[PDB]
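What follows is one structure encoded as structure tokens, with my remarks underneath.
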Amino acid sequence: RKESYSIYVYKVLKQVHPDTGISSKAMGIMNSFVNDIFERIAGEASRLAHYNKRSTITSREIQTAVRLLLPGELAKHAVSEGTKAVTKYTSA
Amino acid sequence: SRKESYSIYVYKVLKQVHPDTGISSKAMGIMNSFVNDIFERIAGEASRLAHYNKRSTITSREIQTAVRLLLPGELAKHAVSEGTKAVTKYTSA
Amino acid sequence: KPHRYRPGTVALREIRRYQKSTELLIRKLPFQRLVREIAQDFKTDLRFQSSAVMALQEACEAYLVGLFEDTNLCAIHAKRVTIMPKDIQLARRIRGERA
Amino acid sequence: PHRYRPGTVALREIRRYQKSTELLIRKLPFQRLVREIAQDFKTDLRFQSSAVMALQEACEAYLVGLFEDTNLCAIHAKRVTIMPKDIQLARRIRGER
Amino acid sequence: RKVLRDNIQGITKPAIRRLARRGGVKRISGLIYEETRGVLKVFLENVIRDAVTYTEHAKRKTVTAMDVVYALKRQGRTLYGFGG
Amino acid sequence: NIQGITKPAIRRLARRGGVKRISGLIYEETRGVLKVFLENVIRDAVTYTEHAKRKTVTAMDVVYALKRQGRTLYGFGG
Amino acid sequence: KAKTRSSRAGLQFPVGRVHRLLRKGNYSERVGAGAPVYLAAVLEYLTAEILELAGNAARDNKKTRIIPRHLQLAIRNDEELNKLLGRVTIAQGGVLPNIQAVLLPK
Amino acid sequence: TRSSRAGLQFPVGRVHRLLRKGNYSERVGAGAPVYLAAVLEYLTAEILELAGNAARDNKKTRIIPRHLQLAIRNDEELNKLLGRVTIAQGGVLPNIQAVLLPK
DNA sequence: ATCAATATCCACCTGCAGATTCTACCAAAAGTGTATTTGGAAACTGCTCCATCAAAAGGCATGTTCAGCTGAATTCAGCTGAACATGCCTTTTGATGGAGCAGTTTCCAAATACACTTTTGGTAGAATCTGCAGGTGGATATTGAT
DNA sequence: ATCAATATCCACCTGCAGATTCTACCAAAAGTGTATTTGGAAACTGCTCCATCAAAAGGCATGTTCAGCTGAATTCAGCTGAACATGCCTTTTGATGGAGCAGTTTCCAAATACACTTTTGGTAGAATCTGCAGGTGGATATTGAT
Ligand SMILES: [Mn+2]
């Protein structure tokens with residue numbers, strides 16, 4: 001038991017840089033990263049919920065939130081890959 | 001369109017420490033905002049310990065340890081006081 | 001004479017003064033205007049709650065006054081007695097608003 | 001004999017530790033310190049060898065950062081030597097004391 | 001109505017001065033005024049932006065006080081006295 | 001005990017920090033802020049260990065109050 | 001008859017409004033029983049703490065109606081409260097009358 | 001696999017479970033778990049491509065902590081997002097005040 | 001050491017806009033009688049975690065010296081604070097018109113609950129492997145002297 | 001700016017052990033199939049709350065002199081804190097072990113969640129009140145000129 005994001009960061013590492021691998025301690029830093037960002041977005045996403053007497057966290061609440069949480073073009077490109085993934089999952 | 005507030009409640013607590021004193025509307029305002037803030041800081045902090053401790057329920061215990069963390073100095077000493085007391089009274093009868 | 005107060009004497013008198021009161025120093029109409037302008041250039045055709053604007057103003061009037069102290073405490077740190085951009089910029093860096 | 005001018009080492013020391021990434025404080029006195037403090041909070045405590053790296057990693061980062069901010073103050077007063085003075089200004093600004 | 005333009009120059013110099021006295025400053029450098037404006041502008045932008053984002057997410061066209069309050073909270077400028 | 005954090009060690013921490021010269025007093029004052037730091041972090045951490053009904057201080061315990069304190073740490077739990 | 005829970009604890013604040021805002025708050029899946037009380041309590045207490053300190057401010061200033069300022073004064077003068085509401089700002093509050101000694105005459 | 005329907009590397013399900021089990025809201029939409037997973041991905045992706053470059057710049061082929069910290073505090077944005085995060089074993093970027101330098 | 005010249009104080013005043021009371025409806029506590037779970041309370045492994053024990057090896061503490069950095073005292077070019085006067089524009093009060101919150105209603109399109117059914121993701125060996133880590137040999141960066 | 005003589009980085013090369021990465025497999029989820037509840041979207045539509053104008057007035061913002069005295073450039077020197085080569089002891093570290101103790105389970109008694117039904121306590125008007133904002137003036141300092 002005691003699960004981690006490990007595999008996933010490693011897969012994505014092997015795409016941007018097939019020739020490169022990562023250290024253990026660094027793998028760890030990365031884990032903490034994902035966790036944190038998650039928490040920040042799910043949080044700001046929850047507020048948007050309660051805030052709007054709404055009772056369900058749509059993807060519209062994830063996005064909009066990410067606009068407030070993520071700065072500059074780091075944000076736009078972020079929203080994109082999101083709209084992307086969602087556009088694809090839905091059709092088929 | 002009826003929306004709530006702690007208004008009555010602060011006011012009750014005002015004639016209690018200063019019988020012959022009164023509070024302005026704007027102040028009552030600054031008051032509701034305070035209470036709500038704290039109310040969020042604590043339940044929100046205790047919300048964390050629960051997850052942290054793989055516990056499904058926020059007891060009056062978490063609240064406390066949440067108060068410890070959130071309040072500073074005697075304010076928290078004297079704080080936990082009025083509470084443990086209030087809860088010891090409640091349960092009893 | 002004509003009766004003139006030496007320099008700085010009135011400045012101190014102003015500090016004591018505005019520190020005893022609590023009225024928003026920026027004149028209201030211009031602040032408002034400025035608010036709509038900035039917000040204009042973000043989302044076209046918005047409406048503003050009378051209270052919304054005051055809120056903004058209350059918050060700003062605030063920030064700046066506080067940024068002004070830190071600034072001041074910085075001017076002192078360099079033997080000076082005149083706040084400057086130099087002083088303001090440090091304060092915001094330590095503050096991290098732009099380190 | 002050949003002696004190195006003043007502070008020339010300081011610059012050569014600075015580039016070094018900045019090019020490196022190893023906690024500087026000595027591992028044992030720290031952990032020693034840790035337990036002492038923590039002992040005034042609760043008795044007969046035990047730590048994770050890791051929790052101690054956590055308590056050293058953390059501390060050191062603050063200290064390095066607090067210093068950067070202390071420099072920018074000392075420089076700001078036309079000086080070039082961080083004094084207890086420089087250290088408070090930077091702290092009262094951040095909002096610690 | 002009429003076009004809004006160069007209004008940041010509406011935050012008069014006398015006013016900035018006053019605001020600085022409540023801060024404690026006794027002697028104000030020349031350049032200060034413009035600097036302040038810049039910094040004030042950057043403030044408002046960040047806050048207004050966020051707020052409006054809360055108006056745009058609630059699908060409303062009017063910016064409410066909460067909208068403002070809610071945002072000032074994100075920037076940790078937690079404000080009291082405008083909507084609980 | 002705090003005196004364990006030696007003067008030279010401090011100079012190194014200072015060095016990385018971008019400091020070229022250093023008053024003689026710093027050292028005492030540096031140790032000061034250092035204590036206060038560890039003091040606030042550890043205590044908030046203990047409370048966690050304690051509330052947890054446990055008797056040993058885990059990595060998290062640190063990490064957690066490390067967050068409550070604004071100073072957020074990566075690479076030690078998550 | 002009927003005992004308002006707030007009465008069992010002998011508090012002034014609504015223990016039941018506190019239970020309710022807690023459950024539907026999502027802070028947790030299930031809410032304890034004395035949790036709503038204990039909290040209404042801390043809240044009552046803290047509420048009467050900044051109250052009194054401000055009333056006096058009204059008294060110091062020869063007024064019988066507590067207004068923002070007084071509250072601000074009350075907060076920024078008690079080391080502890082000043083602390084708890086560090087990153088909080090009171091609309092109309094003003095600032096503590098404080099001049100940097102170096103700037104004063106001589 | 002739900003995650004494949006979106007062509008993402010990060011696990012969509014894990015996230016959907018992490019949301020319903022987070023006390024975030026009473027009920028979670030389907031778009032959310034995915035959108036987020038992608039957003040989570042994209043960002044770790046961003047951090048790596050930029051650390052890779054780091055490692056390659058050192059002559060190493062293995063990403064250590066310092067390789068991350070360099071990529072982070074050198075990208076204006078990433079520095080903003082993680083402004084209040086500290087990396088263990090990262091150090092600082094080599095910067096010395098011009099006024100301290102000789103001449 | 002005196003005196004005007006002003007600005008700060010402080011108590012008395014008095015109508016009125018901002019509380020303080022006075023009063024009805026009704027959403028939300030409270031009271032009950034079930035239908036779950038939750039979280040300890042004994043019982044017990046395997047960790048990790050103290051602690052003892054035992055040698056070198058840096059790494060720290062000293063005590064010498066003095067280069068050059070921080071402070072104190074002058075000086076003055078001139079920047080910024082204090083007045084004054086000119087007249088522009090922010091207030092203050094009131095009125096309309098209606099854009100657009102909000103409160104209902106109504107209900108699909110979407111999310112939730114079990115009972116199973118499939119694979120994946122985390123472990124603990126098993127098979128590589130990149131640097132740590134030394135060790136010279138070659139400019140580099142410094143520092144003192146013509 | 002060069003000349004030389006220390007001391008320094010710094011590439012170049014290079015070998016194996018602590019790690020990294022790769023395997024080989026088990027429960028724990030993640031994913032389906034069906035069958036339920038619902039949130040909150042769409043279409044009115046009542047109606048505050050917000051946008052705009054007017055008008056007259058006086059409250060400031062501007063802009064211009066003038067010069068007091070603040071910031072800044074110098075100069076000087078006592079002495080503090082960097083560089084060092086010395087001498088010595090406290091961190092390093094390497095296991096080794098016994099055991100304090102995080103953690104697992106397995107029941108279950110106590111404490112929650114539920115689903116309705118009365119029964120208040122709170123919220124949103126009007127009816128009455130009354131601190132205290134804005135003026136008015138003498139009394140006191142508090143300044144700045146002689
Ligand atoms: Mn515009």
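Identifiers for the structure tokens are assigned positionally: chains receive A, B, ... in sequence, residues are indexed from 1 per chain, and ligands are indexed from 1 in the order shown.
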
Inset, instruction - Would you list the contacts of residue 35 (chain D) as an NGL selection string, taking every protein, DNA or RNA residue within 10 Å and counting only C-alpha atoms (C1' of nucleotides), but skipping same-chain residues closer than 2 positions in sequence? - result: (:D and (30-33 or 37-47 or 52)) or (:F and (42))

Legend entry - region 12-21 of chain C surroundings by only C-alpha atoms (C1' of nucleotides), 10 Å radius, close-in-sequence under 4 positions cut, as a ChimeraX atom specification: /C:7-8,25 /E:17-27 /G:69,92-99,103-105 /I:7

Next, the residues of the selection above should be written as an mmCIF file, in the first residue's frame with N, CA, C and O atoms (P, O5', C5', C4', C3', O3' and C1' of nucleotides).
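Dumped everything to selection-v2.cif:
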```cif
data_model
loop_
_atom_site.group_PDB
_atom_site.id
_atom_site.type_symbol
_atom_site.label_atom_id
_atom_site.label_comp_id
_atom_site.auth_asym_id
_atom_site.auth_seq_id
_atom_site.Cartn_x
_atom_site.Cartn_y
_atom_site.Cartn_z
ATOM 1 N N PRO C 7 10.060 74.679 8.124
ATOM 2 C CA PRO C 7 9.705 73.468 7.383
ATOM 3 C C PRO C 7 9.590 72.264 8.319
ATOM 4 O O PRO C 7 10.210 72.229 9.384
ATOM 5 N N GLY C 8 8.779 71.291 7.923
ATOM 6 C CA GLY C 8 8.602 70.097 8.725
ATOM 7 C C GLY C 8 7.583 70.206 9.844
ATOM 8 O O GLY C 8 6.959 69.208 10.224
ATOM 9 N N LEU C 25 -8.686 59.106 2.085
ATOM 10 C CA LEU C 25 -7.961 60.229 1.513
ATOM 11 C C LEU C 25 -8.108 60.446 0.002
ATOM 12 O O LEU C 25 -8.150 61.588 -0.439
ATOM 13 N N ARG E 17 0.161 62.435 -1.117
ATOM 14 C CA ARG E 17 0.863 63.020 0.011
ATOM 15 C C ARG E 17 0.102 62.641 1.291
ATOM 16 O O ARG E 17 0.627 61.875 2.097
ATOM 17 N N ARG E 18 -1.128 63.143 1.464
ATOM 18 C CA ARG E 18 -1.951 62.795 2.642
ATOM 19 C C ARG E 18 -1.771 61.310 3.020
ATOM 20 O O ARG E 18 -1.304 60.992 4.111
ATOM 21 N N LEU E 19 -2.151 60.411 2.112
ATOM 22 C CA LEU E 19 -2.040 58.971 2.322
ATOM 23 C C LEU E 19 -0.714 58.587 2.933
ATOM 24 O O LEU E 19 -0.640 57.645 3.719
ATOM 25 N N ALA E 20 0.341 59.308 2.564
ATOM 26 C CA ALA E 20 1.677 59.022 3.080
ATOM 27 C C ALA E 20 1.882 59.520 4.510
ATOM 28 O O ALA E 20 2.706 58.977 5.253
ATOM 29 N N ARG E 21 1.143 60.556 4.891
ATOM 30 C CA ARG E 21 1.270 61.099 6.229
ATOM 31 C C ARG E 21 0.594 60.149 7.201
ATOM 32 O O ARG E 21 1.091 59.925 8.297
ATOM 33 N N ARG E 22 -0.539 59.585 6.809
ATOM 34 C CA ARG E 22 -1.222 58.655 7.698
ATOM 35 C C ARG E 22 -0.292 57.461 7.865
ATOM 36 O O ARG E 22 -0.403 56.689 8.827
ATOM 37 N N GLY E 23 0.623 57.319 6.906
ATOM 38 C CA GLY E 23 1.601 56.247 6.947
ATOM 39 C C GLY E 23 2.685 56.622 7.941
ATOM 40 O O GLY E 23 3.206 55.766 8.654
ATOM 41 N N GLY E 24 3.019 57.913 7.978
ATOM 42 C CA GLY E 24 4.023 58.413 8.903
ATOM 43 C C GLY E 24 5.126 59.253 8.282
ATOM 44 O O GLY E 24 5.863 59.949 8.978
ATOM 45 N N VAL E 25 5.224 59.208 6.964
ATOM 46 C CA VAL E 25 6.266 59.923 6.246
ATOM 47 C C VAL E 25 6.267 61.424 6.439
ATOM 48 O O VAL E 25 5.257 62.061 6.223
ATOM 49 N N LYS E 26 7.411 61.993 6.812
ATOM 50 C CA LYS E 26 7.521 63.442 7.008
ATOM 51 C C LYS E 26 8.068 64.207 5.810
ATOM 52 O O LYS E 26 7.717 65.366 5.599
ATOM 53 N N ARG E 27 8.958 63.575 5.053
ATOM 54 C CA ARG E 27 9.538 64.215 3.874
ATOM 55 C C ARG E 27 9.387 63.331 2.624
ATOM 56 O O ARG E 27 9.890 62.199 2.569
ATOM 57 N N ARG G 69 -13.231 52.299 14.161
ATOM 58 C CA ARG G 69 -11.996 52.746 14.789
ATOM 59 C C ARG G 69 -11.754 52.026 16.101
ATOM 60 O O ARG G 69 -10.822 51.227 16.200
ATOM 61 N N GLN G 92 -12.461 51.341 7.643
ATOM 62 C CA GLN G 92 -12.651 52.543 8.458
ATOM 63 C C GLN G 92 -11.787 52.567 9.691
ATOM 64 O O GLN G 92 -11.768 53.554 10.415
ATOM 65 N N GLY G 93 -11.058 51.481 9.905
ATOM 66 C CA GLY G 93 -10.216 51.350 11.079
ATOM 67 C C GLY G 93 -9.172 52.388 11.422
ATOM 68 O O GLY G 93 -8.948 52.645 12.593
ATOM 69 N N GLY G 94 -8.537 52.990 10.427
ATOM 70 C CA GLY G 94 -7.489 53.949 10.725
ATOM 71 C C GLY G 94 -6.225 53.204 11.166
ATOM 72 O O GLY G 94 -6.143 51.965 11.075
ATOM 73 N N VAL G 95 -5.233 53.953 11.646
ATOM 74 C CA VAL G 95 -3.984 53.361 12.107
ATOM 75 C C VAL G 95 -3.628 53.902 13.468
ATOM 76 O O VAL G 95 -4.074 54.970 13.833
ATOM 77 N N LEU G 96 -2.812 53.166 14.214
ATOM 78 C CA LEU G 96 -2.382 53.602 15.544
ATOM 79 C C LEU G 96 -1.553 54.880 15.426
ATOM 80 O O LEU G 96 -0.690 54.976 14.554
ATOM 81 N N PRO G 97 -1.784 55.863 16.319
ATOM 82 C CA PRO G 97 -1.052 57.133 16.289
ATOM 83 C C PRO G 97 0.402 56.898 16.628
ATOM 84 O O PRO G 97 0.765 56.892 17.789
ATOM 85 N N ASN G 98 1.243 56.720 15.621
ATOM 86 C CA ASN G 98 2.635 56.441 15.900
ATOM 87 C C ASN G 98 3.643 57.117 14.970
ATOM 88 O O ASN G 98 3.653 56.892 13.763
ATOM 89 N N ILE G 99 4.496 57.943 15.571
ATOM 90 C CA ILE G 99 5.529 58.701 14.869
ATOM 91 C C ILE G 99 6.945 58.177 15.131
ATOM 92 O O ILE G 99 7.350 57.950 16.275
ATOM 93 N N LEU G 103 12.040 61.431 13.528
ATOM 94 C CA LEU G 103 11.410 62.537 12.819
ATOM 95 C C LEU G 103 10.930 63.689 13.699
ATOM 96 O O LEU G 103 10.739 64.800 13.207
ATOM 97 N N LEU G 104 10.734 63.432 14.991
ATOM 98 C CA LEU G 104 10.292 64.475 15.920
ATOM 99 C C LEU G 104 11.408 65.519 16.074
ATOM 100 O O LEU G 104 12.591 65.210 15.912
ATOM 101 N N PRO G 105 11.042 66.775 16.399
ATOM 102 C CA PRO G 105 11.971 67.897 16.580
ATOM 103 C C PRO G 105 12.986 67.818 17.717
ATOM 104 O O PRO G 105 12.889 66.979 18.619
ATOM 105 P P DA I 7 -3.017 78.167 11.882
ATOM 106 O "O5'" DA I 7 -2.887 77.087 13.035
ATOM 107 C "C5'" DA I 7 -1.653 76.424 13.240
ATOM 108 C "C4'" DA I 7 -1.827 75.284 14.212
ATOM 109 C "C3'" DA I 7 -3.024 74.409 13.847
ATOM 110 O "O3'" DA I 7 -2.769 73.057 14.245
ATOM 111 C "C1'" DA I 7 -3.487 75.550 15.868
#
```

Inset, instruction - Could you tell me, counting only C-alpha atoms (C1' of nucleotides) and all ligand atoms, which protein and nucleic acid residues lie no more than 7 Å from ligand 1, written as a list in words? - result: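 Using only C-alpha atoms (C1' of nucleotides) and all ligand atoms, everything at most 7 Å from ligand 1 comes to residues 37, 38, 40 and 41 of chain C; 4 and 5 of chain E.
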
Inset, instruction - Provide as a list in words the residues of chain J at most 12 Å from chain D, counting only C-alpha atoms (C1' of nucleotides). - result: residues 5, 6, 7, 8, 9, 72, 80, 81, 82, 83, 84, 85, 90, 91, 92, 93, 100, 101 and 102 of chain J

Inset, instruction - Please identify all polymer residues within 9 Å of region 106-110 of chain I, counting only C-alpha atoms (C1' of nucleotides), omitting same-chain residues fewer than 5 positions from it, and present them as an NGL selection string. - result: (:H and (29)) or (:J and (38-39))

Write the residues of the preceding selection, restricted to N, CA and C atoms (P, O5', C5', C4', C3', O3' and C1' of nucleotides), as an mmCIF file, in the first residue's frame.
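Heads up, here's the output in part.cif:
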```cif
data_model
loop_
_atom_site.group_PDB
_atom_site.id
_atom_site.type_symbol
_atom_site.label_atom_id
_atom_site.label_comp_id
_atom_site.auth_asym_id
_atom_site.auth_seq_id
_atom_site.Cartn_x
_atom_site.Cartn_y
_atom_site.Cartn_z
ATOM 1 N N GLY H 29 -18.217 16.394 -11.037
ATOM 2 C CA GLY H 29 -18.548 16.192 -12.438
ATOM 3 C C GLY H 29 -17.529 15.253 -13.063
ATOM 4 P P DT J 38 -33.042 12.535 -3.466
ATOM 5 O "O5'" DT J 38 -32.039 13.544 -4.174
ATOM 6 C "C5'" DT J 38 -31.621 13.271 -5.505
ATOM 7 C "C4'" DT J 38 -30.548 14.225 -5.959
ATOM 8 C "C3'" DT J 38 -30.970 15.688 -5.902
ATOM 9 O "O3'" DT J 38 -29.817 16.526 -5.778
ATOM 10 C "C1'" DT J 38 -30.886 14.969 -8.167
ATOM 11 P P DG J 39 -29.944 17.960 -5.066
ATOM 12 O "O5'" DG J 39 -28.800 18.802 -5.774
ATOM 13 C "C5'" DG J 39 -27.567 18.186 -6.088
ATOM 14 C "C4'" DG J 39 -27.090 18.614 -7.455
ATOM 15 C "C3'" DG J 39 -27.047 20.136 -7.610
ATOM 16 O "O3'" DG J 39 -26.000 20.514 -8.525
ATOM 17 C "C1'" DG J 39 -28.718 19.275 -9.034
#
```

Inset, instruction - Check chain D with DSSP on the backbone and list each residue it calls alpha helix (DSSP H), as an MDAnalysis selection string. - result: chainID D and resid 8:19 27:39 49:76 84:94

Inset, instruction - Go through I:55, I:10, I:69, I:126 one by one, measure the shortest atom-to-atom distance of each to residue 21 (chain F) using only C-alpha atoms (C1' of nucleotides), and give the residue with the smallest value. - result: I:69

Legend entry - DSSP-assigned strand (DSSP E) members of region 22-89 of chain C, reported as an NGL selection string: :C and (47-48 or 82-83)

Please produce, as a Markdown table, a per-residue contact table for chain F versus chain B (criterion: any atom at most 10 Å away, only C-alpha atoms considered), showing the nearest atom pair and its distance in Å to one decimal, sorted by chain then residue number.
```
| residue | atom | partner | partner_atom | distance |
| --- | --- | --- | --- | --- |
| F:43 | CA | B:69 | CA | 9.1 |
| F:44 | CA | B:69 | CA | 6.4 |
| F:45 | CA | B:69 | CA | 9.5 |
| F:47 | CA | B:65 | CA | 7.3 |
| F:48 | CA | B:49 | CA | 7.9 |
| F:50 | CA | B:65 | CA | 9.3 |
| F:51 | CA | B:65 | CA | 6.7 |
| F:52 | CA | B:53 | CA | 6.6 |
| F:53 | CA | B:53 | CA | 9.6 |
| F:60 | CA | B:52 | CA | 9.2 |
| F:61 | CA | B:52 | CA | 9.7 |
| F:64 | CA | B:52 | CA | 9.1 |
| F:65 | CA | B:69 | CA | 9.0 |
| F:68 | CA | B:69 | CA | 8.8 |
```

Inset, instruction - Dump as a list in words the residues of chain B that approach chain H to within 12 Å, counting only C-alpha atoms. - result: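 Residues of chain B within 12 Å of chain H, counting only C-alpha atoms: residues 44, 47, 48, 50, 51, 52, 54, 55, 56, 57 and 58 of chain B.
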
Inset, instruction - Pick out the closest residue to chain J from this set: E:51, E:8, E:28, E:68. Count only C-alpha atoms (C1' of nucleotides). - result: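 Looking only at the distances to chain J, the closest residue turns out to be E:28.
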
Quick one: which chain A residues come within 12 Å of chain B, and what is the nearest atom pair for each with the distance in Å to one decimal, counting only C-alpha atoms, rows ordered by chain and ascending number, as CSV?
```
residue,atom,partner,partner_atom,distance
A:39,CA,B:48,CA,11.6
A:43,CA,B:44,CA,11.2
A:47,CA,B:40,CA,11.8
```

Write a file of the selected residues as a PDB file, in the first residue's frame, keeping N, CA, C and O atoms.
```pdb
ATOM      1  N   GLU A  39      -3.942  19.962  -4.644  1.00  0.00           N
ATOM      2  CA  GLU A  39      -4.569  20.595  -3.495  1.00  0.00           C
ATOM      3  C   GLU A  39      -4.995  22.065  -3.705  1.00  0.00           C
ATOM      4  O   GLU A  39      -6.091  22.469  -3.305  1.00  0.00           O
ATOM      5  N   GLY A  43      -8.904  23.021  -4.062  1.00  0.00           N
ATOM      6  CA  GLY A  43      -9.355  23.927  -3.025  1.00  0.00           C
ATOM      7  C   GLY A  43     -10.109  25.077  -3.658  1.00  0.00           C
ATOM      8  O   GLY A  43     -11.330  25.222  -3.474  1.00  0.00           O
ATOM      9  N   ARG A  47     -14.186  26.275  -3.312  1.00  0.00           N
ATOM     10  CA  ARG A  47     -14.723  27.570  -2.925  1.00  0.00           C
ATOM     11  C   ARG A  47     -15.683  28.047  -3.982  1.00  0.00           C
ATOM     12  O   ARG A  47     -16.793  28.458  -3.672  1.00  0.00           O
TER      13      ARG A  47
END
```

Inset, instruction - Skip residue 80 (chain C) itself and residues of its chain fewer than 2 positions away, then list as a ChimeraX atom specification all residues within 12 Å of it, counting only C-alpha atoms (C1' of nucleotides). - result: /C:71-78,82-84,86-87 /D:76-78 /E:25-29 /G:102-103 /J:70-72
